[PDB]
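All remarks here apply to the structure that follows.
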Amino acid sequence: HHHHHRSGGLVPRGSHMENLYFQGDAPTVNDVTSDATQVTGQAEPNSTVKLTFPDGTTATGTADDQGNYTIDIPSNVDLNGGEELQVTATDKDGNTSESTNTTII
């Protein structure tokens, strides 16, 4: 009478997406000139902003709900003339902004 026609089913293959980590700019420092007992500035909101003194003392902190940070200078390190203060804000996923290493002193 006639022939038979059947259809064909197959499984979809697994894939993945890709992305660049941090895309923006480096966290702004305020002029923390030696006698200034606190390092302040603007950074990524609620991001773990690691304060890296060029002495090597790293005072780990986190920026506020607002896009700023306040991390007081610990009584051991001094910002003497020649210190290039490095600040590094790190997003909650782990996307660190550029290291603002700047001689305020």
Legend entry - Listed residues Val32, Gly67, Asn101: farthest to the positive end of the dipole of the chain (Cβ charges): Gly67
Legend entry - Value of relative contact order over the chain, rounded to a whole percent, pairs C-alpha under 8 Å and six or more apart: 28
Inset, instruction - Fewest Cβ neighbours within 10 Å first, please rank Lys92, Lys50 accordingly. - result: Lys92, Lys50
Inset, instruction - Fewest Cβ neighbours within 10 Å first, please rank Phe53, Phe22 accordingly. - result: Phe22, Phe53
Legend entry - Per-residue Cβ neighbour rank within 10 angstrom, fewest leading, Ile71, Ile104: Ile104, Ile71
Inset, instruction - Report the antiparallel proportion of the DSSP beta bridges in the chain as a percent, rounded to a multiple of 5. - result: 95
Inset, instruction - May I ask for the distance between the Cα centers of the stretch 30-46 and the stretch 63-105, given as a whole number of Å? - result: 7
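Positions of Cβ are generated from backbone atoms using ideal geometry, with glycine treated the same way; all protein chains shown enter the neighbour counts. Read-outs throughout are calculated quantities, based only on the coordinates presented, and are distinct from any laboratory measurement.
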